[PDB]
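Heads up: the structure comes next, in structure tokens.
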Amino acid sequence: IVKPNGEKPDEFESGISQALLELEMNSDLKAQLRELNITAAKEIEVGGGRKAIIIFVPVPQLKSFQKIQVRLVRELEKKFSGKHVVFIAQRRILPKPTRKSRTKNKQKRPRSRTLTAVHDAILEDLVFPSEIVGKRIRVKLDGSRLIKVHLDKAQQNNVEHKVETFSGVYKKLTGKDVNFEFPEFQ
Amino acid sequence: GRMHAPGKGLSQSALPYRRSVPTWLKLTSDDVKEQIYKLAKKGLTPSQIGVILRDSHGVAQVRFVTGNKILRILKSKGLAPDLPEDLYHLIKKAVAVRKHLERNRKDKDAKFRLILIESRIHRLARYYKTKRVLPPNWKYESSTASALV
Amino acid sequence: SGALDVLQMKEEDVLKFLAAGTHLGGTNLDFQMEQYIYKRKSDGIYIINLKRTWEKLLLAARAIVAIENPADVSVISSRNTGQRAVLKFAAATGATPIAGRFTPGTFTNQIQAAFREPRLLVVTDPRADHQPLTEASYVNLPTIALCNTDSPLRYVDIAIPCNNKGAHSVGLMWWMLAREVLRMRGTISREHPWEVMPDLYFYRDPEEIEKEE
Amino acid sequence: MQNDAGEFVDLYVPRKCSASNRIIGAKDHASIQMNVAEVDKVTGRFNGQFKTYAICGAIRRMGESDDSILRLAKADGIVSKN
Amino acid sequence: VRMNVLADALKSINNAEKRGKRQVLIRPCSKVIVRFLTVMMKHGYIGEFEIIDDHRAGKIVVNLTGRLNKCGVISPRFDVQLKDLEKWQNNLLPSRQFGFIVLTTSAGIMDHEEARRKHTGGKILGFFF
Amino acid sequence: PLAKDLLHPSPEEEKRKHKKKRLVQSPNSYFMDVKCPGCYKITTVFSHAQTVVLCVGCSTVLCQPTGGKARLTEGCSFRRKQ
RNA sequence: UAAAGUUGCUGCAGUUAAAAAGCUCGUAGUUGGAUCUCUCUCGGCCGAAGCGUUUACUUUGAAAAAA
């Protein structure tokens, strides 16, 4: 099932929760999802006519959601046909404390709740089966920044097709151009 | 370079890029915490605890498995020493040098080295006093030092 | 070359190089000749990558060809190991030879008897031909050199990485350069082997000519 | 070069090193302008064209004229890759 | 010890440009260094650069186009008003036709011309021409 | 010289470097699963262990600390991880 | 006063021309690595009491004897 924070339901989220319920009914992982939960689910066009689906997970469940992440993504790729599935936790970005504000931040903003840390965690989670082994921010002649990510070559073929979908998902919920490549050394 | 020596050594640990628990390590975070607690009960400092966790248990970095540093873990459990490890070792070295100097009073090199060690002790104590790790009344003396050791 | 298969290196050329010891450098390596060496041997000898040797020889031949007055190329050799090779190269290609001692001021002193203003300069050894090379830095003179592993690359514009110590290697390199320059010019074809052979460019010890007479 | 009206007011435009882009001076006698003959791709002969590379005297003094000219030729397709 | 990482970065760039190198490695990187390099790039003085992410502090590989005469830091970071900008330009720049003084203002890091356009003073970080 | 690509060092050159002067620093050390014929379980040993490690199922020395890499006792099979 | 960049903040010198303390430690002083992108009320398309931690900085405005 899906439990949102802003007390608002969605039909695509309803379908994703129904798919998770079906997985709970009949699988070898029924004992896993009966405590886990999701928060939201969104479809976005990656390029051409393709589509990709992003699940959103509470942080404490995320590691548990990463024990069985590959099985679940394969199951939902089979069920949702030619659509890739990515699990990115629901991370809140607190605003940078300026000089003009009022009473909504009485405590110091944690680093984990900053935009930089949240986006780094989003990048780390968006490619979960492959581990990040290097990052290069190249600044183009016009000042725009292209991120190039080096992924572990131990698990390459499982995620090589997922590039140009990783990048689209990142561009959609982060706004930064990101590239993915595989280096000879880790 | 070195604080009190002309050396410009470069040797130090070079951490890997990844901040993740290694694949070979099956120990859970609570298991590492329990091992740390046992090692601390045995009377070992966080440096020694990390050394024997790395060397025998495959724990490359306790921070990347537990999410917390060893000294912070010990403080949270409540079995951390009164004064920090580096300051305690500096005070121990100063006490040893002073005990040597009483029976060897013509050792001017020992006096020079004791001055250097006590300068390091005072710098570390001032830092820990600003960070409130030590009480603001804490002072290093030439008589009560062996009591703290 | 430029990946032009008509310019690619042949089996016969490789055999000539291996027989002359062209690939065999010295025990010392100039830091600017690192890119031309394949690997050091078990006895401290550096092996010269002959693909890079062919590439640099073709580049030098291209530079020589783009001088439509052949006498405006000066071929210099101070060592005896390359004097006959330089003379043969000058005869075949039309360049101007300086075999023997290079008189300082040849390029700079307008009044001297041997004063000349070449457009390109080719030398057998930058170490042994350091005097013309330095004068090349006075009159805007591009320079080609046959460089060993320990050769100094100052004022050397096209450095051909080859053994330039042995007489066989020096003669073969000069013969190959003349062959490439002629082939690019148009005279003599790239299909059948050149009617001249490297042993004409070689140097024979006076005892060898005595043995041959 | 240009004034407000747009006309060119320089005596001449000095050439720049093909390796370092730095201006080659009027009394830099150690600088060279070398031409590399272009070759027909099928016959392998001089077709009358060439590539021009200017190297200042500083680079030649440093011993980097060889590397610079080799790299300029490689980028022009004269030198085979690797 | 090391202070003014921008000074070290600009010194490395200057020394590499004097040597004729096409690239320079700057370490450690910083936000001020990246902003200064971007201001340099928009005027075509250095060209593109890449930020290597090591998990303590960044490095920057800056491609060098041989258009740079001098890049320098002004330490300490003197606070500059719009009136003193002309005096700083006369002191530091080779000509009124080119050369930029980089300032950190409340609107960001920018050259002196953009500071005049935005009508703001600031603290002088350095210059390049 | 004058054109070294600092963004893409060759792996041999980067392994030649000091572990801190690399483009991204990486340790030269490693962890090994070590196994003794007189034992029924493996253990994890740091390549540069500073303590004397003992067999988990026996009382035998496993590696002796040295200046750098530890000296693994003969007869023990060691395999690097990662 | 300028010349005097022969008082050097801009902007000087200190191997041999005048000059780095014999050598370290050390308090004050000076300097200090990366990192963080505007809310309860009132006379329904407005208006606000503010404490958002402040300071430096910068810009603006006010006020500031003529000569």
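Chain A is the first sequence line, chain B the second, and so forth, proteins listed ahead of strands; every chain is numbered from 1.
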So, under a plain 3.5 Å distance rule, would you say the side chain of [X] forms a donor-acceptor pair with the base of [N]?
| X | N | result |
| --- | --- | --- |
| E/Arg2 | G/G32 | no |
| A/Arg111 | G/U35 | yes |
| A/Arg99 | G/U54 | yes |
| B/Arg126 | G/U27 | no |

Find the distance [X]:[atom1] to [N]:[atom2] and express it as a whole number of Å.
| X | N | atom1 | atom2 | answer |
| --- | --- | --- | --- | --- |
| F/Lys20 | G/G33 | NZ | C1' | 13 Å |
| A/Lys135 | G/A34 | NZ | P | 20 Å |
| E/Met3 | G/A34 | CE | P | 11 Å |
| A/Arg109 | G/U35 | CZ | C1' | 11 Å |
| A/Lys108 | G/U35 | NZ | P | 18 Å |
| B/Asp109 | G/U24 | CG | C1' | 12 Å |
| A/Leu94 | G/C36 | CG | P | 15 Å |
| E/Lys59 | G/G33 | NZ | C1' | 15 Å |

From the list [options], which nucleotide is the closest neighbour of the side chain of [X]?
| X | options | result |
| --- | --- | --- |
| A/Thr116 | G/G26, G/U37, G/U35 | G/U37 |
| E/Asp79 | G/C51, G/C57, G/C25 | G/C57 |
| B/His4 | G/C25, G/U39, G/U24 | G/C25 |
| A/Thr114 | G/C57, G/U37, G/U35 | G/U37 |
| A/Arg102 | G/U58, G/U39, G/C25 | G/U39 |
| E/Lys31 | G/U35, G/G33, G/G52 | G/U35 |

North or south sugar for G/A18 (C1'-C2'-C3'-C4' positive means north): north
Pucker family (sign of torsion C1'-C2'-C3'-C4'), G/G11: south
Is it true that the neighbouring bases [N] and [M] have six-membered rings whose centres sit under 5.5 Å apart and whose planes meet at under 30°?
| N | M | answer |
| --- | --- | --- |
| G/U6 | G/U7 | no |
| G/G47 | G/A48 | no |
| G/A20 | G/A21 | no |
| G/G8 | G/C9 | no |
| G/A4 | G/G5 | no |

Check: E/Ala57 main-chain N/O paired with E/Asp54 side-chain donor or acceptor under 3.5 Å: no
Under 3.5 Å: donor-acceptor pair, side chain of E/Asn90, backbone of E/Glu86: yes
Syn-anti status, with the boundary at 90° from 0, for the nucleotide G/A18: anti
Syn/anti state for G/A34 [syn: chi within 90° of 0]: syn
Across the strands shown, which category fits [X] at heavy-atom distances under 4.0 angstrom: base, sugar-phosphate, nothing?
| X | value |
| --- | --- |
| E/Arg77 | nothing |
| E/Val1 | nothing |
| A/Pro95 | base |
| E/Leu82 | sugar-phosphate |
| E/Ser30 | sugar-phosphate |
| A/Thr98 | sugar-phosphate |

For the [atom1] atom of [X] and the [atom2] atom of [Y], what is their distance to the nearest 0.5 Å?
| X | Y | atom1 | atom2 | result |
| --- | --- | --- | --- | --- |
| E/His119 | E/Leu82 | NE2 | CG | 5.5 Å |
| A/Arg102 | A/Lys106 | CZ | NZ | 9.0 Å |
| E/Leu103 | E/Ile109 | CG | CD1 | 10.0 Å |

Ring geometry between B/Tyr140 and B/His122 (parallel below 30°, tilted from 30 to 60°, perpendicular above 60°): perpendicular
How about [X] and [Y]: does a side-chain donor come under 3.5 Å of a side-chain acceptor?
| X | Y | result |
| --- | --- | --- |
| F/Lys20 | F/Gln25 | yes |
| E/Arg77 | E/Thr104 | no |
| B/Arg18 | B/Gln61 | no |
| F/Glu13 | F/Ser10 | no |
| A/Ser144 | A/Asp142 | yes |
| B/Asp86 | B/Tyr128 | yes |

Does [X] put a side-chain nitrogen or oxygen below 4.0 Å from OP1 or OP2 of [N]?
| X | N | answer |
| --- | --- | --- |
| E/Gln81 | G/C57 | no |
| A/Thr103 | G/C40 | no |
| E/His55 | G/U35 | no |
| E/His119 | G/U60 | yes |

A/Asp120/A/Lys135 salt bridge by N-O under 4.0 Å criterion: yes
SB check E/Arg117 E/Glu113 (cutoff 4.0 Å): no
For RNA chain G, the residues among residues 32-43 of chain E that have a non-hydrogen atom under 4.0 Å from it: none
Report, one pair per line, the protein and nucleotides 8-12 of chain G atoms (nitrogen or oxygen only) whose separation is under 3.5 Å.
none

Residues forming a ring-ring contact (aromatic ring centres under 6.0 Å, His included) with A/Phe65, sequence neighbours excluded: A/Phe87
Partners meeting ring-ring contact (aromatic ring centres under 6.0 Å, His included) with B/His4 (sequence neighbours left out): none
Aromatic centroids of E/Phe100 and E/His43 separated by under 6.0 Å: yes
Output one line per pair: protein atom, nucleotide atom from nucleotides 20-23 of chain G, and distance, for all N/O pairs under 3.5 Å.
none

Member of E/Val34, E/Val102, E/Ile46 meeting the side-chain contact (heavy atoms from CB on, under 4.5 Å) criterion with E/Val39: E/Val102
Secondary-structure notation, RNA chain G, from Watson-Crick and G-U pairs under 3.5 angstrom (| other strand): ...................................................................
First encountered from the 5' end of RNA chain G, between A/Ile93 and B/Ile115: B/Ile115
